[PDB]
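K.L.:
Input protein_0.pdb, format and content: PDB, C-alpha atoms (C1' of nucleotides).
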ATOM      1  CA  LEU C  12      24.705 -85.724 -25.186
ATOM      2  CA  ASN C  13      22.362 -83.744 -27.468
ATOM      3  CA  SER C  14      23.031 -80.342 -25.944
ATOM      4  CA  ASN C  15      22.142 -76.865 -27.203
ATOM      5  CA  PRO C  16      24.572 -73.957 -26.698
ATOM      6  CA  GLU C  17      23.185 -70.836 -25.044
ATOM      7  CA  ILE C  18      24.197 -67.887 -22.872
ATOM      8  CA  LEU C  19      23.013 -67.754 -19.261
ATOM      9  CA  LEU C  20      22.890 -64.746 -16.934
ATOM     10  CA  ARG C  21      23.637 -65.618 -13.317
ATOM     11  CA  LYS C  22      21.393 -64.196 -10.614
ATOM     12  CA  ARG C  23      22.585 -60.989  -8.987
ATOM     13  CA  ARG C  24      23.899 -61.478  -5.460
ATOM     14  CA  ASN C  25      22.157 -59.815  -2.493
ATOM     15  CA  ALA C  26      19.563 -57.972  -4.580
ATOM     16  CA  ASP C  27      16.713 -58.171  -2.047
ATOM     17  CA  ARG C  28      18.848 -56.914   0.841
ATOM     18  CA  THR C  29      20.041 -54.007  -1.308
ATOM     19  CA  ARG C  30      16.421 -53.224  -2.217
ATOM     20  CA  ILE C  31      15.392 -53.159   1.449
ATOM     21  CA  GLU C  32      18.410 -51.021   2.363
ATOM     22  CA  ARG C  33      17.584 -48.532  -0.399
ATOM     23  CA  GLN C  34      13.952 -48.299   0.729
ATOM     24  CA  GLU C  35      15.062 -47.668   4.317
ATOM     25  CA  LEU C  36      17.602 -45.079   3.153
ATOM     26  CA  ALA C  37      14.942 -43.243   1.142
ATOM     27  CA  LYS C  38      12.595 -43.181   4.132
ATOM     28  CA  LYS C  39      15.378 -41.946   6.429
ATOM     29  CA  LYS C  40      16.389 -39.203   3.985
ATOM     30  CA  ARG C  41      12.790 -37.991   3.734
ATOM     31  CA  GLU C  42      12.359 -38.002   7.517
ATOM     32  CA  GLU C  43      15.585 -36.111   8.221
ATOM     33  CA  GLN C  44      14.788 -33.560   5.512
ATOM     34  CA  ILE C  45      11.444 -32.947   7.237
ATOM     35  CA  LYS C  46      13.251 -32.651  10.575
ATOM     36  CA  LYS C  47      15.660 -30.014   9.281
ATOM     37  CA  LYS C  48      12.893 -28.190   7.411
ATOM     38  CA  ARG C  49      10.726 -27.706  10.489
ATOM     39  CA  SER C  50      13.754 -27.121  12.736
ATOM     40  CA  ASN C  51      14.680 -23.964  10.782
ATOM     41  CA  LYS C  52      11.670 -21.901  11.915
ATOM     42  CA  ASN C  53      13.384 -20.929  15.197
ATOM     43  CA  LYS C  54      16.310 -19.086  13.590
TER      44      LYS C  54
ATOM     45  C1'   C N   1      17.701  -4.784   2.370
ATOM     46  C1'   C N   2      11.078  -5.237  -0.983
ATOM     47  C1'   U N   3      10.887  -1.206  -5.301
ATOM     48  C1'   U N   4       6.650   2.557  -6.826
ATOM     49  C1'   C N   5      -1.275   2.862 -10.918
ATOM     50  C1'   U N   6       4.045   4.258 -17.392
ATOM     51  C1'   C N   7      -3.775   5.138 -19.289
ATOM     52  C1'   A N   8      -8.749   4.314 -21.060
ATOM     53  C1'   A N   9     -12.953   6.129 -23.862
ATOM     54  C1'   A N  10     -16.450   9.437 -27.276
ATOM     55  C1'   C N  11     -16.588  12.539 -31.640
ATOM     56  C1'   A N  12     -13.963  14.396 -36.416
ATOM     57  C1'   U N  13      -9.738  13.782 -40.499
ATOM     58  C1'   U N  14      -6.478  19.782 -40.457
ATOM     59  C1'   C N  15       0.257  12.936 -41.095
ATOM     60  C1'   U N  16      -3.772  14.943 -36.312
ATOM     61  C1'   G N  17      -7.639  17.864 -33.399
ATOM     62  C1'   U N  18     -11.684  18.563 -29.284
ATOM     63  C1'   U N  19     -14.118  16.876 -24.773
ATOM     64  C1'   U N  20     -14.492  13.783 -20.472
ATOM     65  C1'   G N  21     -12.392  10.445 -16.650
ATOM     66  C1'   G N  22      -7.876   8.613 -14.205
ATOM     67  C1'   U N  23      -2.808  11.103  -9.464
ATOM     68  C1'   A N  24      -3.418  10.251  -1.252
ATOM     69  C1'   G N  25       2.389  12.664  -0.346
ATOM     70  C1'   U N  26       9.082  10.986   4.723
ATOM     71  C1'   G N  27       9.085  13.509   9.097
ATOM     72  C1'   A N  28      10.027  17.828  11.776
ATOM     73  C1'   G N  29      10.119  23.149  11.763
ATOM     74  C1'   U N  30       9.303  28.712  10.131
ATOM     75  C1'   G N  31       5.597  32.095   7.934
ATOM     76  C1'   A N  32       1.966  35.768   6.566
ATOM     77  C1'   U N  33      -2.215  37.806   3.746
ATOM     78  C1'   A N  34      -7.243  36.128   3.224
ATOM     79  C1'   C N  35     -12.137  32.558   2.538
ATOM     80  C1'   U N  36     -16.183  29.233   4.077
ATOM     81  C1'   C N  37     -18.690  26.579   7.899
ATOM     82  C1'   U N  38     -19.285  26.124  13.042
ATOM     83  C1'   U N  39     -22.257  22.270  18.061
ATOM     84  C1'   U N  40     -17.911  28.981  19.099
ATOM     85  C1'   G N  41     -14.713  23.542  21.070
ATOM     86  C1'   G N  42     -11.769  24.049  15.451
ATOM     87  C1'   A N  43     -13.020  21.721  10.684
ATOM     88  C1'   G N  44     -11.822  22.379   5.598
ATOM     89  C1'   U N  45      -9.003  25.789   2.302
ATOM     90  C1'   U N  46      -5.383  30.208   0.753
ATOM     91  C1'   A N  47       1.573  33.067  -0.480
ATOM     92  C1'   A N  48       6.201  31.700   0.546
ATOM     93  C1'   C N  49      10.775  29.257   3.182
ATOM     94  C1'   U N  50      14.619  25.485   5.895
ATOM     95  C1'   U N  51      16.394  20.389   5.857
ATOM     96  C1'   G N  52      21.943  14.041   5.474
ATOM     97  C1'   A N  53      15.887   9.527   4.377
ATOM     98  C1'   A N  54      17.390  14.917   9.813
ATOM     99  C1'   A N  55      14.057  12.824  14.919
ATOM    100  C1'   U N  56      13.811  12.658  23.123
ATOM    101  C1'   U N  57       7.402  11.224  24.496
ATOM    102  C1'   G N  58       0.975  16.681  21.424
ATOM    103  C1'   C N  59      -3.672  12.283  25.878
ATOM    104  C1'   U N  60      -7.922   9.693  24.153
ATOM    105  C1'   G N  61     -11.493  13.430  17.005
ATOM    106  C1'   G N  62     -16.422  11.448  15.402
ATOM    107  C1'   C N  63     -19.999   7.751  13.109
ATOM    108  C1'   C N  64     -20.719   2.378  11.402
ATOM    109  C1'   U N  65     -19.389  -3.320  11.714
ATOM    110  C1'   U N  66     -17.185  -6.545  14.951
ATOM    111  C1'   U N  67     -14.164 -10.031  17.419
ATOM    112  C1'   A N  68      -8.330  -4.636  13.895
ATOM    113  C1'   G N  69     -11.605  -2.841   9.222
ATOM    114  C1'   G N  70     -15.195   1.440   5.998
ATOM    115  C1'   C N  71     -15.884   7.088   5.800
ATOM    116  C1'   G N  72     -10.974   7.391  -1.512
ATOM    117  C1'   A N  73     -15.545   0.833  -0.814
ATOM    118  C1'   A N  74     -21.535  -0.297   3.090
ATOM    119  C1'   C N  75     -26.197  -5.895   3.773
ATOM    120  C1'   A N  76     -18.769  -3.406   1.986
ATOM    121  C1'   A N  77     -13.571  -4.869   4.401
ATOM    122  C1'   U N  78      -9.065  -7.117   7.756
ATOM    123  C1'   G N  79      -0.703 -10.117   5.877
ATOM    124  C1'   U N  80       2.560 -12.748   9.381
ATOM    125  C1'   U N  81      -0.429 -18.347   5.426
ATOM    126  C1'   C N  82       3.739 -19.321  -1.084
ATOM    127  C1'   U N  83       9.167 -22.103   1.130
ATOM    128  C1'   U N  84      14.070 -25.549  -4.383
ATOM    129  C1'   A N  85      15.017 -17.008  -2.865
ATOM    130  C1'   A N  86      17.105 -24.427  -0.420
ATOM    131  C1'   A N  87      21.323 -26.142   2.575
TER     132        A N  87
END
Mind turning the file's structure into structure tokens?
P.N.:
Amino acid sequence: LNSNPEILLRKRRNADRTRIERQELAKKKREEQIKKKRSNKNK
RNA sequence: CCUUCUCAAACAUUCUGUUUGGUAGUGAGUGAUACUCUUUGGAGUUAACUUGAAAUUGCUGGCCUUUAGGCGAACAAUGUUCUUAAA
């Protein structure tokens, strides 16, 4: 039926949720690093 | 649980020489000979000696600028501030 062969890449699964999770993880890591940095002045 | 001002000129050629400037210390304790000044209260100097980087309380020196600094610096000057020496 007059077709043309090609290669197709399927969409990655759960990319947006992974992106949001990574953004949240980065924010949490920054915040906890700040917490521990200013918590070490009372040693 | 840091690590100490390790040099600059000017003149002259005798593979170098002369001159000038640059150096603020652990504390405590013995100990004379002498000098200068003095507000006569002690202030600055002058041999030498002891020591685990030792230790049991010296009333408060003076002038200037303040809100601790200068006298070794006057329309001059003061650390708790760097944080990958992190966790």
K.L.:
Within 10 Å of chain C, which residues of chain N are there when counting all atoms listed in the file? Please give them as a PyMOL selection string.
P.N.:
chain N and resi 83+86-87
K.L.:
Quick one: residues within 12 Å of residue 78 (chain N), only C-alpha atoms (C1' of nucleotides), excluding same-chain residues fewer than 2 positions away - as a list in words?
P.N.:
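The residues satisfying every condition are residues 65, 66, 67, 68, 69, 70 and 76 of chain N.
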K.L.:
Need the shell around residue 47 (chain N): protein/DNA/RNA residues with any atom at most 12 Å away, counting all atoms listed in the file. Skip same-chain ones fewer than 3 positions apart. Format as a PyMOL selection string?
P.N.:
chain N and resi 31-34
K.L.:
Fewer than 6 positions away in the same chain doesn't count, so skip those; otherwise give me all residues within 12 Å of residue 55 (chain N), counting all atoms listed in the file, as a list in words.
P.N.:
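The residues that qualify are residues 26, 27, 28 and 29 of chain N.
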K.L.:
Taking the file above as input, evaluate the PyMOL selection byres ((chain N and resi 62) around 12) and report the hits as a PDB file with C-alpha atoms (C1' of nucleotides), in the coordinates of the input.
P.N.:
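Written out: result36.pdb:
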ATOM      1  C1'   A N  43     -13.020  21.721  10.684  1.00  0.00           C
ATOM      2  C1'   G N  61     -11.493  13.430  17.005  1.00  0.00           C
ATOM      3  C1'   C N  63     -19.999   7.751  13.109  1.00  0.00           C
ATOM      4  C1'   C N  64     -20.719   2.378  11.402  1.00  0.00           C
ATOM      5  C1'   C N  71     -15.884   7.088   5.800  1.00  0.00           C
TER       6        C N  71
END
K.L.:
As an exercise, work out the distance from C1' of residue 3 (chain N) to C1' of residue 23 (chain N) in Å and give it to one decimal place.
P.N.:
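That distance, rounded to one decimal, is 18.9 Å.
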K.L.:
Hey, can you check how far CA of residue 54 (chain C) sits from CA of residue 40 (chain C)?
P.N.:
22.3 Å
K.L.:
Return as AutoDock Vina command-line options the centre and edge lengths, in Å with one decimal, of the box along x, y and z that encloses every atom of region 42-50 of chain C in the file, padded by 5 Å per side.
P.N.:
--center_x 13.2 --center_y -32.6 --center_z 9.1 --size_x 14.9 --size_y 20.9 --size_z 17.2
K.L.:
Please measure the separation of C1' of residue 5 (chain N) and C1' of residue 82 (chain N), giving the value in Å to one decimal.
P.N.:
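One can read the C1' of residue 5 (chain N) to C1' of residue 82 (chain N) distance as 24.8 Å.
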K.L.:
Can you write region 13-37 of chain C from the block above with N, CA and C atoms, as an mmCIF file, in the first residue's frame?
P.N.:
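Result file follows (out-v7.cif):
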data_model
loop_
_atom_site.group_PDB
_atom_site.id
_atom_site.type_symbol
_atom_site.label_atom_id
_atom_site.label_comp_id
_atom_site.auth_asym_id
_atom_site.auth_seq_id
_atom_site.Cartn_x
_atom_site.Cartn_y
_atom_site.Cartn_z
ATOM 1 N N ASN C 13 1.841 1.302 -0.897
ATOM 2 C CA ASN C 13 2.712 2.461 -1.100
ATOM 3 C C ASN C 13 3.236 3.009 0.230
ATOM 4 N N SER C 14 3.998 2.164 0.908
ATOM 5 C CA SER C 14 4.613 2.516 2.176
ATOM 6 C C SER C 14 6.079 2.889 1.971
ATOM 7 N N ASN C 15 6.658 3.502 3.002
ATOM 8 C CA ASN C 15 8.064 3.891 2.993
ATOM 9 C C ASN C 15 8.728 3.446 4.289
ATOM 10 N N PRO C 16 9.693 2.529 4.228
ATOM 11 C CA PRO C 16 10.332 2.051 5.459
ATOM 12 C C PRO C 16 11.083 3.163 6.178
ATOM 13 N N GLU C 17 11.010 3.139 7.506
ATOM 14 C CA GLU C 17 11.738 4.087 8.337
ATOM 15 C C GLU C 17 11.899 3.487 9.725
ATOM 16 N N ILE C 18 12.714 4.149 10.539
ATOM 17 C CA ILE C 18 12.926 3.779 11.933
ATOM 18 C C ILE C 18 12.252 4.827 12.805
ATOM 19 N N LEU C 19 11.556 4.372 13.842
ATOM 20 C CA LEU C 19 10.800 5.254 14.719
ATOM 21 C C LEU C 19 11.237 5.037 16.160
ATOM 22 N N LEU C 20 11.490 6.133 16.871
ATOM 23 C CA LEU C 20 11.838 6.083 18.285
ATOM 24 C C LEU C 20 10.586 6.321 19.120
ATOM 25 N N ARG C 21 10.242 5.349 19.960
ATOM 26 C CA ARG C 21 9.082 5.489 20.825
ATOM 27 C C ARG C 21 9.355 6.506 21.926
ATOM 28 N N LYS C 22 8.292 7.164 22.379
ATOM 29 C CA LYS C 22 8.425 8.155 23.437
ATOM 30 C C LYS C 22 8.859 7.493 24.738
ATOM 31 N N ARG C 23 9.732 8.174 25.474
ATOM 32 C CA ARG C 23 10.158 7.672 26.772
ATOM 33 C C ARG C 23 9.004 7.732 27.761
ATOM 34 N N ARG C 24 8.934 6.733 28.633
ATOM 35 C CA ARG C 24 7.816 6.580 29.551
ATOM 36 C C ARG C 24 8.112 7.283 30.870
ATOM 37 N N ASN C 25 7.170 8.122 31.309
ATOM 38 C CA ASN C 25 7.245 8.817 32.597
ATOM 39 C C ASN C 25 8.425 9.785 32.650
ATOM 40 N N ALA C 26 8.624 10.539 31.568
ATOM 41 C CA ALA C 26 9.709 11.515 31.533
ATOM 42 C C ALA C 26 9.390 12.754 32.364
ATOM 43 N N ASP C 27 8.156 13.260 32.271
ATOM 44 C CA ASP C 27 7.792 14.481 32.986
ATOM 45 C C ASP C 27 7.808 14.271 34.494
ATOM 46 N N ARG C 28 7.289 13.132 34.955
ATOM 47 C CA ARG C 28 7.306 12.835 36.381
ATOM 48 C C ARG C 28 8.733 12.717 36.896
ATOM 49 N N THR C 29 9.613 12.082 36.117
ATOM 50 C CA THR C 29 11.017 11.997 36.505
ATOM 51 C C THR C 29 11.658 13.376 36.561
ATOM 52 N N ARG C 30 11.318 14.248 35.608
ATOM 53 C CA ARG C 30 11.840 15.612 35.616
ATOM 54 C C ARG C 30 11.419 16.355 36.880
ATOM 55 N N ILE C 31 10.138 16.254 37.236
ATOM 56 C CA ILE C 31 9.641 16.928 38.433
ATOM 57 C C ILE C 31 10.310 16.362 39.681
ATOM 58 N N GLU C 32 10.454 15.035 39.742
ATOM 59 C CA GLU C 32 11.106 14.410 40.888
ATOM 60 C C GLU C 32 12.550 14.869 41.020
ATOM 61 N N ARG C 33 13.264 14.981 39.898
ATOM 62 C CA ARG C 33 14.651 15.431 39.945
ATOM 63 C C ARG C 33 14.750 16.883 40.394
ATOM 64 N N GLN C 34 13.836 17.737 39.927
ATOM 65 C CA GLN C 34 13.834 19.127 40.381
ATOM 66 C C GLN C 34 13.593 19.211 41.885
ATOM 67 N N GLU C 35 12.617 18.445 42.381
ATOM 68 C CA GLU C 35 12.337 18.435 43.814
ATOM 69 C C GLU C 35 13.524 17.901 44.605
ATOM 70 N N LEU C 36 14.179 16.857 44.094
ATOM 71 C CA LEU C 36 15.341 16.297 44.773
ATOM 72 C C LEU C 36 16.481 17.304 44.837
ATOM 73 N N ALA C 37 16.708 18.042 43.748
ATOM 74 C CA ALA C 37 17.748 19.065 43.757
ATOM 75 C C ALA C 37 17.445 20.146 44.785
#
